[PDB]
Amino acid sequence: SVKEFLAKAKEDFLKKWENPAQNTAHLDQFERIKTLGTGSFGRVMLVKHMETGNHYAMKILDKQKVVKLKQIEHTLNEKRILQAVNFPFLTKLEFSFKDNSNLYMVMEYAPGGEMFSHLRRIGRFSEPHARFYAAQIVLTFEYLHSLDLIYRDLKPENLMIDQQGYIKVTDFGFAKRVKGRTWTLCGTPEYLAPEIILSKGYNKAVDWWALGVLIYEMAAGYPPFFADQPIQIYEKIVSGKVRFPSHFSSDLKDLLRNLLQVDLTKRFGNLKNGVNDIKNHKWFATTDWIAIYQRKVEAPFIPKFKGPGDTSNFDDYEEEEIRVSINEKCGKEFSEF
């Protein structure tokens, strides 16, 4: 059963969590092919592992930039968590290592590109299309939350599509293993739960709020709360008012009212019944949860796949050197990495 699967999953996770894998490859074991996208203290590249000819996504973080942005502990979280998890809709680390200048995390490559790109281009997804993706997020969060992990950055930008049209939740920069409340102000403005904005201690309920935002955005083509400046967005989020497009089904609107619920005693996912309030909602009535986990459902969108190492579903970014200083930077800060 679910409870049995999750218990065994936790036993597997805890062993790796308590004894993390370290220094399991080196940069010269890979050929760098192309930049798939960038962040403030790093980038993700398509690389080929020369030993096997396997293609991977390689996240390269500049240690000095991580330090400057005060993301040391969050980065240690990311690596420690991703080396320890294993789930169909996440990319665990296949390898990790560091050198004088950088931190490296190597993960399965998803060639379908970002959900963001497809969503913006197509405009919006149909409810069945949005439900297919939402189901995979619901199961991922059930998995993560059972391990006491909060994800804290759900958005289309972080959801990659694989060759079969299924999704991978990527970028665990703000993921954290916490049993109680936590306080860090982090996430993306449009996706922040009101608890975060109002500087309360918060818990995994923020991920279920974020799911409400994602489902809304996928179905409408725009998010429930937007403006030109974040402060205007925060005002809208706290106010306790959302409007649904006329094409939203009755079922969809009701699910969203229960996900985008400022009252934590009423928010779906955070009640006595837990995730099953979501799984057994009418909007998910046609969802076969086991078939989705097993990846037996036919995807409503399958991406263009011209071959191995194809990058056509990603945008182009200016390619820059991976420079490795002759002096070790930030040795003590990232010793456990």
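We number the residues from 1 along the sequence you see.
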query = Out of 263-271 and 125-133, which stretch has the higher average CA B-factor listed in the record?
reply = 263-271
remark   = The stretch carrying the higher mean Cα B factor in the deposited entry, 315-323 or 11-19, is 315-323
task = Have a look at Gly173, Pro156, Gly187, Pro245 and flag the one whose Cα has the highest B-factor in the entry.
result = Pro245
note = Per the deposited B-factor column, the C-alpha that peaks among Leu36, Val66, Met58, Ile302 belongs to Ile302
request  = Comparing against every modelled residue in the chain, figure out the third that the C-alpha B-factor of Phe334 lands in (lowest, middle or highest).
outcome  = middle
request  = Can you work out whether the C-alpha temperature factor of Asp207 puts it in the lowest, middle or highest third of the chain?
outcome  = lowest
task = Would you check the entry's CA temperature factor for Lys79 and let me know if it's in the chain's lowest, middle or highest third?
result = lowest
key: Relative C-alpha B-factor of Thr182, binned into the chain's lowest, middle or highest third   = lowest
task = Would you check the entry's CA temperature factor for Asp99 and let me know if it's in the chain's lowest, middle or highest third?
result = middle
